[PDB]
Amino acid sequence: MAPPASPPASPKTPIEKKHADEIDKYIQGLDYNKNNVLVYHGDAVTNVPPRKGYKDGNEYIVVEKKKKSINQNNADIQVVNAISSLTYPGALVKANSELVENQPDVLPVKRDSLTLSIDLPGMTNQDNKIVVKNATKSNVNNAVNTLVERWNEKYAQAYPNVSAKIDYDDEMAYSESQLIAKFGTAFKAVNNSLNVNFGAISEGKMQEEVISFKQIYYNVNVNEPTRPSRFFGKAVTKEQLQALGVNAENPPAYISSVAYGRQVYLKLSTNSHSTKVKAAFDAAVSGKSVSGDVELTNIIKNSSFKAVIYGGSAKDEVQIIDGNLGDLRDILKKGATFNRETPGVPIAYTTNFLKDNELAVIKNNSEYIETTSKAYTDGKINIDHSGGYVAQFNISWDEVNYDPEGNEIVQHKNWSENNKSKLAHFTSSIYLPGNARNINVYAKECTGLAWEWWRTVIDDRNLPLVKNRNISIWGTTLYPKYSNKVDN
């Protein structure tokens, strides 16, 4: 919808007109930068811990950290569900830090009239509007219910399945301040249920994603008054507004539009160190969940979810659900279509400055440390010598570690049995740590011939680290055979 037309002006005595004019000039005289009134200044990252590598079990873990910035301007103000009833169209508030904190100070002044309008489908330009004489919380909310009932009784049958408007937001979690810049200060209230494990993520132990899923059934907006004084009761004066703290530092604003519906907050989590977790998470949410590829399928199998649901029930019931990632798409399924039983709750709203009816935007900036990890599984080299000859092996590799300042240290390693004559039947296993790379496997056999005493059987270089590399040699002095096979 576009904003509806203003109601007719209320009758005023000469001094009431004078007071209204004084209010107009006072508000119009308020000097401030609208682009800098509402701000959230997040964390400042002073330093980034160096890259480190360590061994844990059958794996080697590499943990990297990078400084990131989230800089974002939001026009949609988030709603803390517990105090959602305080959010209603036409409400007068101060535009300050408390609005950024998602608990704005409401101006306790008497009100004049306003026109509310709803964007439900099918309604005429006369049906979607209603005049509220005294714009209190009770009167506005009753007016909202009146509009909703009017739609249910004239147009509902003509529109059975009108899909909700989807407002979707997702982020890999790293810090509270980061997510506050993305999901508003209201995230803190939600996080009292979700409990994002920032500590474990910072240690590279787990990866978590936070999702905000809004299903908006309808929006109710308010007329934009041509005069700042139009929203105030005829008994309100400039002096009263000043005493209440309405000034250049705390500019007056009004809630121009409120989104009603159902909201689902999600906390996806896994212990996987894979770099495909995001893509895996994306698939488990969209229904694109393709079990054709087993890397994404494996992450999903070992991933869980926690869901906080608002406005998904008849009243103001709050649902909390835990489970496995594969069991989603059931929660996200419900609520896609608005119906009479589930009317929806306030979940978002926009604000306009009273001075020029300009849109109030929250300016967010936050720095955070992004922690990414990498897991390298240990491996074995299995040697089997069953040839009718004397054999000598030469097996080497590099092990990569990190100094205290994050720089790589490459140590060359040699098998203890290198250059030693071995008779069949010889078997041995070389245990390679996760940080081992560039595996070299060499083997020669003594032929006993004067022109060719030693004969090379194997000379494979720069081999990748696998779980089980089986090196076998057999045959005779004239006909040596070998195999270099993986994982079998």
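Note that residue numbering begins at 1 and tracks the sequence as displayed.
Colleague: Please compare 48 to 56 with 435 to 443 and say which has the higher mean C-alpha temperature factor in the record.
Modeller: Taking the mean C-alpha B-factor of 48 to 56 and of 435 to 443, the larger value falls to 48 to 56.
Colleague: Would you mind comparing 333 to 341 and 363 to 371 for me and telling me which has the higher average C-alpha temperature factor in the entry?
Modeller: According to the entry, 333 to 341 carries the higher average C-alpha B-factor.
Colleague: Which one, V277, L147, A189, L354, has the peak C-alpha temperature factor per the PDB entry?
Modeller: So the option with the highest C-alpha B-factor is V277.
Colleague: Among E171, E101, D105, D322, which carries the highest Cα B-factor?
Modeller: Going by the entry's C-alpha B-factors, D322 comes out highest.
Colleague: Please say which third, lowest, middle or highest, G379 falls into when its CA temperature factor is compared across its chain.
Modeller: For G379, the deposited C-alpha B-factor lands in the middle third.
Colleague: By the recorded C-alpha temperature factor, relative to the other modelled residues in its chain, which third is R455 in?
Modeller: Lowest third of the chain for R455's C-alpha B-factor.
Colleague: Ranking the modelled residues of this chain by C-alpha B-factor as given in the entry, is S69 in the lowest, middle or highest third?
Modeller: Highest third of the chain for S69's C-alpha B-factor.
Colleague: If you rank the chain by CA B-factor, which third does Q411 end up in: lowest, middle or highest?
Modeller: Ranked within chain, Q411 CA B lands in the highest tercile.
Colleague: Sort the modelled residues of this chain by their C-alpha B factor and say whether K205 lands in the lowest, middle or highest third.
Modeller: As the PDB entry reports it, the C-alpha B-factor of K205 lands in the highest third of its chain.
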